[PDB]
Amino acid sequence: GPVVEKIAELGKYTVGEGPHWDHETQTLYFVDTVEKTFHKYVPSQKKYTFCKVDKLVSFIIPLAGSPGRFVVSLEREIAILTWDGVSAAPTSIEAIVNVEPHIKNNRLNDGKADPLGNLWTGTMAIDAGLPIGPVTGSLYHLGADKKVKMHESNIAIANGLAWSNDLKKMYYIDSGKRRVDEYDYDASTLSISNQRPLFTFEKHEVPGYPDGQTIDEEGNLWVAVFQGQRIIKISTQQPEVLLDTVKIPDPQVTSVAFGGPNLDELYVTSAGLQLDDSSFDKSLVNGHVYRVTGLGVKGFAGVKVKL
């Protein structure tokens, strides 16, 4: 079976999240969604750095055409951070847009660029809760003239995103729905329609909640299972098909990104935050970062945000 390696050099994260693999520099970026920190890991040189801000963060993606600059979330603001990748604070911050200026207790959560470079991201209540809590989030993309467009409402916990290689489908996760949805994606109008369930956890006895996801070159989705101690591989060719399961030692698996020189090493983030209604004792909940090899598939380089 696949080899799952704990990355000792990286330590433990409260809620490690938002992994992004920059292929040209062979570098993994990620966030902690509770500790207000950004992180960088260069595996070939065993280099780790972090960056501190005073707002909640949920994604970090290099800005297309601008080395040393990243598109990030700061609470409800999408911003450009100028960061040298090693100093413990940004050099400067340029706000782009506040997606929800008048929703004081919301935050941005998972975000990713579509294959054309458009940032998609969604919101949630800061005090969201599972299985039931306040449902206040929406799904957005950042379009022309730095204005966002809304694509879906009634989202409890805005989470993982992916797009099919032919640009005809988008895949999206609200963790509260315990399923992955598929949509028809119109790449020319950047709109989505015909929402329908692709994969429903209760139909397959999958525990926990879908969190982040990514897609491989064959079109399979790799989905992080928070409170499931696993990643799952699911079909996009047929609905409701579980292709494989890979156990990850940490129960609170949060997200996934393919990396390595050949894009065939799956990086997996997790959360050490100990929650009061957990299905796992505290001794099991650590928050390590993992690397999975031997899956027999390749992914895609992380896409930069175009502004």
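All residue numbers refer to positions in the sequence shown, first residue = 1. By rigid core we mean the largest C-alpha set that fits within 1.5 Å across both forms.
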What stretch shows more C-alpha movement in 8 other deposited structures of this protein relative to this form, 144-152 or 161-169, after the core is superposed? 144-152
Check the entry's C-alpha temperature factors for 61-69 and 29-37, then say which stretch has the higher mean. 61-69
Higher of the two mean Cα B-factors (134-142, 186-194; per PDB record) comes from 186-194
Going by the entry, which of 231, 108, 80, 128 has the most elevated CA B factor? 128
Specify which of 205, 75, 152, 181 carries the largest Cα B factor in the deposited PDB entry. 205
Ranked against its chain, the third holding the CA B-factor of residue 95: highest
Lowest, middle or highest third - CA B-factor, residue 44: middle
Compare the C-alpha B factor of residue 250 with those of the other modelled residues in its chain, then answer lowest, middle or highest third. lowest
Using the B-factors in the PDB entry, rank residue 24's C-alpha atom against the chain and give the third, lowest, middle or highest. highest
Grab the CA temperature factor for residue 281 from the record and place it in the lowest, middle or highest third of its chain. middle
